[PDB]
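Enquirer: no FASTA, just this:
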Ligand SMILES: C[C@H](CCCC(C)(C)O)[C@H]1CC[C@@H]2C(/C=C/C3=C[C@@H](O)[C@H](CCCO)[C@H](O)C3)=CCC[C@@]21C
């Protein structure tokens, strides 16, 4: 063929709602960042696990940034068509297991290939590999995280595809501990069908009909980064007085 059905009225509403949800929960001016505990950058040119763990100089700032981001994700998820139809128990399972992956996805909007930084930013609010090691993380997370960001940037997603990919990430029927996997799968399928149809209808050439499979592959990549973050957060958590440098929400979500 191959067939290019038009977006239904419902799929059109779904996309409008997700776009609106993202515009209300993602500030592209980063104007709240001055409210976070300030960034501190110690002398660590090369760049010492002992010193990084001793000082955790960027952790209060980046933990506030991540906590703030988790709050925005909860807000976004609440607006996903169908999410509120789930049990409060399943909503929380989905939120806590996807939070770090959605933060990695939504952070792509501040990421720039100009210098491979998340520029929120300023100079104070520009985050590089070395800022992330100053928060207690190691290259086994950071280097594939940068690779992931570049790979995602190069998909050149429409904002519609970006918000759908975040929604699909969150409403995933295979997360540990979900009860109503069938309901979650139904909601995800509706979103996935919307995304597939959108790409067919609206995405030039085509056939860049590998775009959907490239997007699904990013979801698998995110599971990997999630396991590695979990390992590294555990070792950060062993640092005496680390909990003062985090926040209640971060402690709960990642504990
Ligand atoms: C693995 C890290 C998170 C976990 C850190 C922790 C200390 C909790 O383990 C990194 C993931 C990316 C993260 C990062 C920027 C993330 C952003 C996400 C968005 O929510 C922000 C939107 C703000 C408006 O709503 C903005 O795009 C920046 C920079 C430098 C590495 C990290 C701190």
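Expert: It's in. Numbering: from 1, shown residues only.

Enquirer: ok, the residue nearest to residue 6 when sequence neighbours are not counted - contacts?
Expert: Among residues not flanking residue 6 along the chain, residue 201 sits closest, at 6.5 Å (CB to CB, 6 or more residues apart in numbering). From N, CA and C alone the C-beta is placed, and that goes for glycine too. By CB atoms under 8 Å, 6 or more residues apart in numbering, the residues touching residue 201 are 4, 5, 6, 7.

Enquirer: who wins for neighbours among the residues you listed?
Expert: Most neighbours among the contacts of residue 201, by other CB atoms under 10 Å: residue 7, with 17 neighbours.

Enquirer: any idea how far it lies from residue 13?
Expert: Distance, residue 7 to residue 13, by CB to CB, to the nearest Å: 10 Å.

Enquirer: contact residues of this protein facing the ligand?
Expert: With the criterion set to CB under 6 Å from any ligand atom, the chain comes near the ligand through 26-27, 30, 62-63, 66, 69, 72, 103-104, 106-107, 109-110, 118, 120, 127, 132, 135, 229, 233, 250.

Enquirer: now with 5 Å?
Expert: Taking CB under 5 Å from any ligand atom as the test, the list of the chain residues beside the ligand reads 26-27, 62, 66, 69, 72, 106-107, 110, 118, 127, 132, 135, 233.

Enquirer: ok, which pair from the residues you listed is furthest apart?
Expert: Farthest-apart pair in the residues of the chain next to the ligand is 27 and 233; separation 25.6 Å (CB to CB).

Enquirer: and these two? Which one has more around it.
Expert: Between residue 27 and residue 233, counted using other CB under 10 Å, the more crowded position is residue 233 (19 against 13).

Enquirer: surely that one meets residue 254?
Expert: Yes: between residue 233 and residue 254 there is a contact under CB atoms under 8 Å: 4.9 Å.

Enquirer: just the buried residues of stretch 230-239, please?
Expert: 232, 233, 236 (16 or more other CB atoms under 10 Å).

Enquirer: what do you get for stretch 243-253?
Expert: By 16+ other CB under 10 Å, the buried positions in stretch 243-253 come out as 245, 246, 247, 249, 250, 253.

Enquirer: closest to the ligand among those?
Expert: residue 250 (5.5 Å; CB to the nearest ligand atom).

Enquirer: okay, and the closest one sits in which element?
Expert: For residue 250, the element it lies in under DSSP states H and E is helix 248-254.

Enquirer: pull the distance from that helix to the chain's centre.
Expert: Remark: helix 248-254 is offset 16 Å from the chain centroid, using CA atoms, centre = their mean, to the nearest Å.

Enquirer: can you spell out which helices and strands pack onto it?
Expert: When contacts are defined as 3 or more CB pairs under 8 Å, 6 or more residues apart in numbering; DSSP states H and E, helix 248-254 sits against helix 59-78, helix 88-106.

Enquirer: turn those into CSV, columns for mean neighbour count.
Expert: Converted to CSV, the helices and strands packed on helix 248-254 look like this (neighbours: other CB atoms under 10 Å):
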stretch, mean neighbour count
helix 59-78, 20
helix 88-106, 19
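
Enquirer: those helices: which one's closest to residue 34?
Expert: Among those, helix 59-78 comes nearest to residue 34, with 11.0 Å by CB to CB.

Enquirer: measure how that closest one sits relative to helix 88-106, angle-wise.
Expert: Here helix 59-78 points in a direction 120 degrees away from that of helix 88-106 (axes from the mean of the first three to the mean of the last three CA atoms, to 10 degrees).

Enquirer: which residues are contacting stretch 104-122?
Expert: Residues outside stretch 104-122 that contact it (CB under 8 Å, 6+ apart): 26, 28, 30, 33, 69, 72-73, 125-129, 145-146, 148-150, 152-153, 162, 165-166, 169, 218, 222, 225.

Enquirer: among the residues you listed, which are located in helices?
Expert: Here DSSP state H is the test, and those give 69, 72-73, 129, 145-146, 148-150, 152-153, 162, 165-166, 169, 218, 222, 225 as lying in helices.
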